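I need the structure of the sequence given here:
(one chain, ligands or ions: 1)
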Amino acid sequence: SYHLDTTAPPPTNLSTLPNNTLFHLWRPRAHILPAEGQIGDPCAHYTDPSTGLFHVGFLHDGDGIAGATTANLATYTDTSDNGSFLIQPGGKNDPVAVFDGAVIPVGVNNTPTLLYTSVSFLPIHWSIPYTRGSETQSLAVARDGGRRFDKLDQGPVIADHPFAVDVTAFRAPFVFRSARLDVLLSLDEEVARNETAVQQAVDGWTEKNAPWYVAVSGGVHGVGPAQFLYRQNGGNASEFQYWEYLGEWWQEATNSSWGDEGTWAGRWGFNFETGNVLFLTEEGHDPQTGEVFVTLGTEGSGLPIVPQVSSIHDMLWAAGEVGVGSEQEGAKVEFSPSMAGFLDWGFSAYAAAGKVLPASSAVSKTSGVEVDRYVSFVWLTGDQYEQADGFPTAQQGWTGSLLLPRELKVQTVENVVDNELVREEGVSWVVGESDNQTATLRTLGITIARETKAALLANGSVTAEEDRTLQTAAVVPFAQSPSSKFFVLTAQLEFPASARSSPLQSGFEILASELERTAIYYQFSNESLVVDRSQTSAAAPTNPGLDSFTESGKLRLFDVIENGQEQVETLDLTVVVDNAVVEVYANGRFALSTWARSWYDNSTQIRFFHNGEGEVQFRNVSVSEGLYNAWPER
Ligand SMILES: OC[C@H]1O[C@@](CO)(OC[C@@]2(O[C@H]3O[C@H](CO)[C@@H](O)[C@H](O)[C@H]3O)O[C@H](CO)[C@@H](O)[C@@H]2O)[C@@H](O)[C@@H]1O
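Numbers count the residues shown, from 1 in each chain. Find the structure here:
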């Protein structure tokens, strides 16, 4: 009889253990995930007009959308027991399955209304023929406080994909409002060609009565990934039955990519998934003044292609402009990217679903936020999108988790030396201004929702480390490491301009003991933050299900003028470890998340790391231990 003892070597085959034996071993305490079982794409979030509460949704066990609510964005309550499902398959419109959907706060009967993909046939994949009628978009209305969504007793409101278009996918509807879209669609084909006339109309746009837009994510066979745009018919904010097709407002060539190298924004792949239409400002989210941003997952593959398998799942984002529908019979409106990147560089991070969080929300009132925010929840698949090599699933009793809620806004990088590092082609930023001597850059800002970050540091024990400099290769253990796998690690690493050309690697080793360690370091060679998981788990060698491949993401440190002086921009790191869930944040404009399934309880040492190449200076290194409980009621 083998009882779990994590002070002793792991059994050779974890999959032989009894059910639920590994339930708590790698489970997080401050993240969003169901009480048990598997979690898929997060979805149906919305602020309830009546209560001001923020509702969170997510696919659960491949059997529908489950939910939970929060009043503070730090802590959550399940909407119900027995899975806490809001809506499940089996209706006339979704006999086979219920996929992602989005909510209009004041919809039918003036109640929260969910527009979702009702599935009638399987399988569905961009690499095989699409079965007509596979995915339609249906409506359901929130009842009993939103603890459940009742499907309207009629067929889908969008019963078919675009006429005669051979789509690769037609799902994940996302609703939004837009001053610019309303203006571009109201003005003349000629009167709307000039920003002057438009801007004047946008200034008068009134959100409260604007019509809703719907972006359905997908692609076209033999053509390319794309987003299909619709809007309440005739621009009638009161029309919920008929949705006029505005065309493929955004499409890219099959497996093409941002830039000529596919260096900063992966590839557009073969199919677009779970779109979000954001409107960001430097302070938050404004559908009247915000710049158009889009986050989406793209499904890619190497060659030869393996039918029904998407080998690459990129969690991307793009920003650009929207204009009138060229002159061709193309979309009435068109989104043109100016810059693009990754919302999260994690292999397993994917299907981001966010929502506008009004300053009028109970969450914001309580925390005192006076602007509208856009909160995004990234999915962290637990079994490499079901391609894991026999992960001990029955033993764990659950699969997957969502990452920490993140605030998305326009982030600026000031006092940046305008040089090659800034003018490169196909990057994740644009120059907002310049005098040819220094410039302000504009990119997507990615930060942990402020109430969540505060909650993480609420009751945490704080242990600081003295500023340090390393020149020769070295691994220096902290003066005091945490005694648990729940902590927030912060640190600033300063590099000399002479390091850009060096094969320098500097960072930390975490979750470490004699037989285990996880490395996190910056690498100038390819300007990337890297998470070496080759030694993360003592159990990985004999259990291939526990992926141990290296994770990395691109992060360029710009030459800037800090105190009237030039220097390589400081690497501002924040690593959050809710157990096996590791999230690496950098300079408010980067995120890389992965699983670090360390085995031993002793594996909690933290060390400074330097490979002797180049030089590094560590400043303001600190550790907050304990985090907090995201689900008190459980
Ligand atoms: O689960 C539905 C929901 O998932 C999204 C975001 O991940 O893409 C899903 C997709 O893959 C899932 O299902 C395949 C098996 O079909 C499984 O191998 C994979 O691991 C799962 O993530 O589901 C459809 C088909 O069932 C595939 O085309 C797609 O790759 C989102 O787009 C969808 O609403």
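
in contact with the residue nearest the centre of the chain, which residues?
For the chain, residue 378 is the residue whose C-alpha lies nearest the centre (Cα atoms, centre = their mean; 3.4 Å). Taking Cβ atoms under 8 Å, 6 or more residues apart in numbering, we find residue 378 in contact with 42, 315, 343-344, 349-352, 402-403, 406, 591, 593. The way it works is simple: take the backbone N, C-alpha and C, and place the C-beta from them, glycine included.

would you list these in a markdown table and tack on neighbour count and distance to the ligand?
Listed next are these as a markdown table, based on neighbours: other Cβ atoms under 10 Å; distance: Cβ to the nearest ligand atom, whole Å:
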| residue | neighbour count | distance to the ligand |
| --- | --- | --- |
| 42 | 26 | 10 |
| 315 | 28 | 10 |
| 343 | 26 | 14 |
| 344 | 29 | 14 |
| 349 | 26 | 11 |
| 350 | 23 | 6 |
| 351 | 26 | 4 |
| 352 | 27 | 10 |
| 402 | 22 | 13 |
| 403 | 28 | 14 |
| 406 | 24 | 18 |
| 591 | 26 | 18 |
| 593 | 25 | 15 |
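
show me those residues that map onto strands.
Restricting the contacts of residue 378 to those inside strands, with DSSP state E as the criterion, leaves 42, 315, 343, 344, 349, 350, 351, 352, 402, 406, 591, 593.

and the gap between the closest residue to residue 494 other than its chain neighbours and residue 528?
Ranked by Cβ to Cβ, 6 or more residues apart in numbering and with sequence neighbours excluded, the top spatial neighbour of residue 494 is residue 617, at 4.2 Å. Taking Cβ to Cβ, to the nearest Å as the measure, residue 617 falls 20 Å from residue 528.

what's the domain layout of the protein?
Using curated CATH domains, the domain parsing of the chain gives 36-457, 458-626.

for the ligand, what is the nearest residue in the stretch 151-300 of the chain?
Nearest to the ligand in the stretch 151-300 of the chain, going by Cβ to the nearest ligand atom, is residue 273, at a distance of 3.8 Å.

can you pull the contacts of that residue?
In this structure, residue 273 makes contact with 169, 171, 172, 217, 218, 296, 297, 298, 299, 351, judged by Cβ under 8 Å, 6+ apart.

spell out which parts of the stretch 351-500 of the chain neighbour the ligand.
Counting by Cβ under 6 Å from any ligand atom, the positions of the stretch 351-500 of the chain adjacent to the ligand are 351, 385, 386.

the ligand contacts on this structure?
Within the chain, the positions near the ligand by Cβ under 6 Å from any ligand atom are 40-41, 59, 99-100, 122-125, 171-172, 273-274, 299, 310, 351, 385-386.

give the buried residues for stretch 480-492.
By neighbour count with 16 or more other Cβ atoms under 10 Å, stretch 480-492 contains the buried residues 481, 482, 485, 486, 487, 488, 489, 490, 491.

ok, now stretch 586-605?
Neighbour counts over stretch 586-605 (16+ other Cβ under 10 Å) mark 586-600, 603-605 as buried.

could you pull up the residues touching residue 374?
Residue 374 sits next to 278, 279, 280, 284, 285, 354, 355, 356, 357, 407, 408, 409 when contact means Cβ under 8 Å, 6+ apart.

ranges for the strands of the stretch 201-350 of the chain?
Counting by DSSP state E, counting those that start in this stretch, residue ranges of the strands within the stretch 201-350 of the chain are 213-220, 224-232, 243-251, 271-280, 291-300, 312-324, 333-344, 349-357.

tell me what the second one is packed against?
Applying 3 or more Cβ pairs under 8 Å, 6 or more residues apart in numbering; DSSP states H and E, we find strand 224-232 packed against strand 167-176, strand 213-220, strand 243-251, strand 271-280, strand 291-300.

swap in 7 Å and give it another go.
Using 3 or more Cβ pairs under 7 Å, 6 or more residues apart in numbering; DSSP states H and E as the contact test, the elements touching strand 224-232 are strand 213-220, strand 243-251, strand 271-280.

residue 397 - nearest residue in space that isn't next to it in sequence?
In space, residue 397 comes closest to residue 20 once its chain neighbours are excluded; the distance is 3.9 Å by Cβ to Cβ, 6+ apart.

show me the contacts for the closest residue to residue 210 other than its chain neighbours.
Among residues not flanking residue 210 along the chain, residue 177 sits closest, at 4.8 Å (Cβ to Cβ, 6+ apart). Contacts were defined as Cβ atoms under 7 Å, 6 or more residues apart in numbering; by that measure residue 177 touches 207, 210, 212, 213, 287.

same check, this time on residue 409
Taking Cβ under 7 Å, 6+ apart as the criterion, residue 409 is in contact with 280, 281, 282, 283, 284, 445.

which member of those residues is positioned nearest residue 144?
If you rank those by distance to residue 144 using Cβ to Cβ, residue 284 comes first, at 31.5 Å.

out of the residues of the chain next to the ligand, which are buried?
For the residues of the chain next to the ligand, a burial check counting by 16+ other Cβ under 10 Å picks out 40-41, 59, 99-100, 124-125, 171-172, 273-274, 299, 310, 351, 385.

where's residue 557 relative to residue 334, distance?
Distance, residue 557 to residue 334, using Cβ to Cβ: 34 Å.

still on that earlier bit, in JSON lines, list the strands of the stretch 201-350 of the chain along with distance to residue 151.
Below are the strands of the stretch 201-350 of the chain laid out as JSON lines (distance: least, Cβ to Cβ, whole Å):
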{"stretch": "strand 213-220", "distance to residue 151": "18"}
{"stretch": "strand 224-232", "distance to residue 151": "20"}
{"stretch": "strand 243-251", "distance to residue 151": "17"}
{"stretch": "strand 271-280", "distance to residue 151": "21"}
{"stretch": "strand 291-300", "distance to residue 151": "26"}
{"stretch": "strand 312-324", "distance to residue 151": "30"}
{"stretch": "strand 333-344", "distance to residue 151": "31"}
{"stretch": "strand 349-357", "distance to residue 151": "20"}
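
from the chain's centroid, how far away is stretch 410-425?
Chain-centre distance of stretch 410-425: 24 Å, with Cα atoms, centre = their mean, to the nearest Å.

sorry, that was for stretch 74-82
Worked out by Cα atoms, centre = their mean, stretch 74-82 lies 22 Å from the chain centre.

what do you get for stretch 260-280?
Its chain's C-alpha centre and that of stretch 260-280 lie 12 Å apart, by Cα atoms, centre = their mean.

now that stretch: buried residues?
Under the neighbour-count criterion of 16+ other Cβ under 10 Å, stretch 260-280 has 262-280 buried.

again, but for stretch 101-121
With burial defined by 16+ other Cβ under 10 Å, the residues of stretch 101-121 counted as buried are 101-105, 107-108, 111-120.

tell me which of the contacts of residue 273 is nearest to residue 72?
Using Cβ to Cβ, residue 351 is the member of the contacts of residue 273 that sits closest to residue 72, with 24.6 Å.

surely that closest one meets residue 296?
No - the pair formed by residue 351 and residue 296 falls short of the contact definition of Cβ atoms under 7 Å, at 9.3 Å.
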